[PDB]
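Chemist: no FASTA, just this:
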């Protein structure tokens, strides 16, 4: 939330002091999380290694 | 055997007769303290340009004492004492003599000869190795490594 | 290595005062030496380059007992130069042996701060096909001078 | 006749008339032992630049004493004595004369003439030996071995 | 003491008869990588 550069706003209002936050889940649960994403979210590469003497 | 900072300072004083054992029957503890402090500082300075020669600095933070062991080999003491004498002569306001300057120069030159390295010129790295070196059968590749070559294979990064 | 130790070395080397002289220099003179060291270091920020001297904090006068932060390796070099700068204060003139010692210490200090800027490629210089710019490396020309 | 450290020190002292048998004034043994110590350190330092000349050093813990034998031949006596004289005049705060300097230089040149040895550059190691050396039958090398 | 011939002088040699006479027929190519560290034959 930038006042001098409104072009790059990505939230309705600034996070002031005393705001309410919460943690999604349970105290000590263990689970296997499912995923969703776009094509261009992350990128993976395997860089080749050079030969030796 | 053993080289002591006290005896180095005493040699430096005697070689110019600031406080000898024949002409004068006096040695001053203030002069001894100044000499040992000057030797410590000069060795700290020498640690960079001429290179380390085996001197041992005072561990911790307590001041050096003349009874401690320097650790210098006996073949460096003349150069060390001369270079110290030239540095501390201003305090007694005695100018040095050409014979003393020449002797210090010869001793320092001998130390310089003793502490030479003369490194060699390694290959560039893209310079090809000849076809007569039998690559694909010997360890050699088509080109020089240009860096320290692998010695083990367990540690391959360096 | 407090600032005071450096000043004491300068005065002792030319004999103006020492832990031996029946006479001694007044306290006011020492303060001028600490103030002179700070002008020295302010100038040395330019030509010799930064060494690691910790200047006084904002709005305090330097104190003779305050820490300096220069390692003891550079102590002889810093001290000899200060002596030459404030020698003329007491209406004296240096000696050739002292000059040679100061010069040698200055070379010893300078040998520890080399640069060798090692200039890089122009930026429009072609990269040959031996580097395989089509497959292994994206750039077809040298990247440049790493701006700012 | 066997040369001794005490004899060398006495020769060095006599040659510039500081102390001798005919003199009516003589120097304390402190000066003699300081001189023999100076000889010991100088000759130990001589192990690098001029080389080895056969000098015998103190066996570890034991200090050098004038009565022991150095082991040097009679030839090097003047060289060693003149170098010790040049290193010891400053102790009594004197100045060597040009004739003394010339004599010391001549004797030192004689010492270098005795010690001098020149090396020979061996073949590189990839240099062909030639068909005329019969490398098929007489010699097993097609190329020179090189340095060993 | 400077010129040296390449040809090595002849030495002393023993003789090899026991390996020739002993049996090298039955056990040959039988200690393979599959057989293991030992191999056994039958008895009448």
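Modeler: Right, received. Where do you want to start? Numbers count the residues shown, from 1 in each chain, chains lettered A, B, ... in the order given.
Chemist: Closest to the mean position in chain E, which residue would that be?
Modeler: Centre of chain E computed as the mean C-alpha position; nearest residue by C-alpha atoms, centre = their mean is residue E:19, 6.8 Å away.
Chemist: Please report the distance of it from residue D:109.
Modeler: With distances taken as C-beta to C-beta, to the nearest Å, residue E:19 is found 73 Å from residue D:109. Just so you know, the C-beta spots here come from the backbone N, C-alpha and C atoms, and that holds for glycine as well.
Chemist: Using the three-state scheme, assign the closest residue to residue B:144 other than its chain neighbours.
Modeler: If you skip the residues right next to it in sequence, residue B:144 has residue B:123 as its closest partner in space, 3.9 Å away by C-beta to C-beta, 6 or more residues apart in numbering or on different chains. Here residue B:123 is coil, with the state taken from DSSP: H, G, I helix; E, B strand; the rest coil.
Chemist: Verify the stated contact: residue B:123 with residue B:147.
Modeler: No: the pair residue B:123 and residue B:147 does not pass the contact test of C-beta atoms under 8 Å, sitting 10.0 Å apart.
Chemist: quick one: contacts for the residue nearest to residue B:144?
Modeler: Counting by C-beta atoms under 8 Å, 6 or more residues apart in numbering or on different chains, residue B:123 makes contact with B:144, B:145, B:146.
Chemist: got a winner among those for most neighbours?
Modeler: Highest neighbour count within the contacts of residue B:123, by other C-beta atoms under 10 Å in any protein chain shown: residue B:144, with 16 neighbours.
Chemist: what sits against that residue?
Modeler: Contacts were defined as C-beta under 8 Å, 6+ apart; by that measure residue B:144 touches B:123, B:124, B:125, B:127, B:129.
Chemist: Could you pull up the residues touching the residue positioned nearest the centre of chain B?
Modeler: Within chain B, the residue whose C-alpha comes closest to the C-alpha centroid is residue B:53; the distance, by C-alpha atoms, centre = their mean, is 3.7 Å. By C-beta under 8 Å, 6+ apart, the contact set of residue B:53 is B:46, B:72, B:76, B:111, B:115.
Chemist: now do 7 Å
Modeler: B:72, B:76, B:115 (C-beta atoms under 7 Å, 6 or more residues apart in numbering or on different chains).
Chemist: Look at residue B:48 and say how many residues are nearby.
Modeler: By the criterion of other C-beta under 10 Å, residue B:48 has 14 neighbours.
Chemist: Likewise for residue B:114?
Modeler: Around residue B:114 there are 16 other residues, counting by other C-beta under 10 Å.
Chemist: Now do the phi/psi pair for it.
Modeler: According to degrees, to the nearest 10, the main-chain angles of residue B:114 amount to phi -70, psi -30.
Chemist: out of everything not next to it in sequence, what's closest to it?
Modeler: Excluding its sequence neighbours, the residue lying closest to residue B:114 (C-beta to C-beta, 6+ apart) is residue D:48, at 4.7 Å.
Chemist: Pick out the residue in chain E sitting closest to chain B.
Modeler: Sorted by distance to chain B under C-beta to the nearest C-beta, the residues of chain E start with residue E:6, at 25.0 Å.
Chemist: so how far is residue D:122 from that residue?
Modeler: Distance of residue E:6 to residue D:122, given as C-beta to C-beta: 20 Å.
Chemist: same deal with residue B:99?
Modeler: Distance check for residue B:99 against residue D:122: by C-beta to C-beta, it reads 43 Å.
Chemist: now the residue nearest the centre of chain A: how far from chain E?
Modeler: The residue lying closest to the centre of chain A (C-alpha atoms, centre = their mean) is residue A:41, at 9.7 Å. Look at residue A:41 and chain E: by C-beta to the nearest C-beta, to the nearest Å, they are 51 Å apart.
Chemist: Check residue A:49 too.
Modeler: When distances are taken as C-beta to the nearest C-beta, residue A:49 and chain E turn out to be 32 Å apart.
Chemist: how many other residues sit next to that residue?
Modeler: Under the neighbour criterion other C-beta under 10 Å, residue A:49 is assigned a count of 7.
Chemist: Let me know the secondary structure of it.
Modeler: coil.
Chemist: That one and chain C, how far apart?
Modeler: Using C-beta to the nearest C-beta, one gets 13 Å for the distance from residue A:49 to chain C.
Chemist: Backbone dihedrals for that residue, please?
Modeler: In this entry, residue A:49 is assigned phi and psi values of phi -110, psi 150 (degrees, to the nearest 10).
Chemist: Now do residue A:13 against residue A:7, distance only.
Modeler: Residue A:13 sits 17 Å away from residue A:7, going by C-beta to C-beta.
Chemist: Now for residue E:17, how many residues are close by?
Modeler: The burial count assigned to residue E:17 is 8, neighbours taken as other C-beta under 10 Å.
Chemist: and what of the one 10 residues further on?
Modeler: The local packing of residue E:27 (other C-beta under 10 Å) involves 10 other residues.
Chemist: Could I get the contacting residues of the residue nearest to the centre of chain A?
Modeler: Counted by C-beta under 7 Å, 6+ apart, residue A:41 has zero contacts.
Chemist: Quick check: the residue of chain A nearest chain C.
Modeler: Of all residues in chain A, residue A:48 sits closest to chain C, with a separation of 8.6 Å (C-beta to the nearest C-beta).
Chemist: do you know how far that residue is from residue D:13?
Modeler: Distance, residue A:48 to residue D:13, using C-beta to C-beta: 79 Å.
Chemist: Repeat that for residue B:148.
Modeler: From residue B:148 across to residue D:13, the span is 57 Å (C-beta to C-beta).
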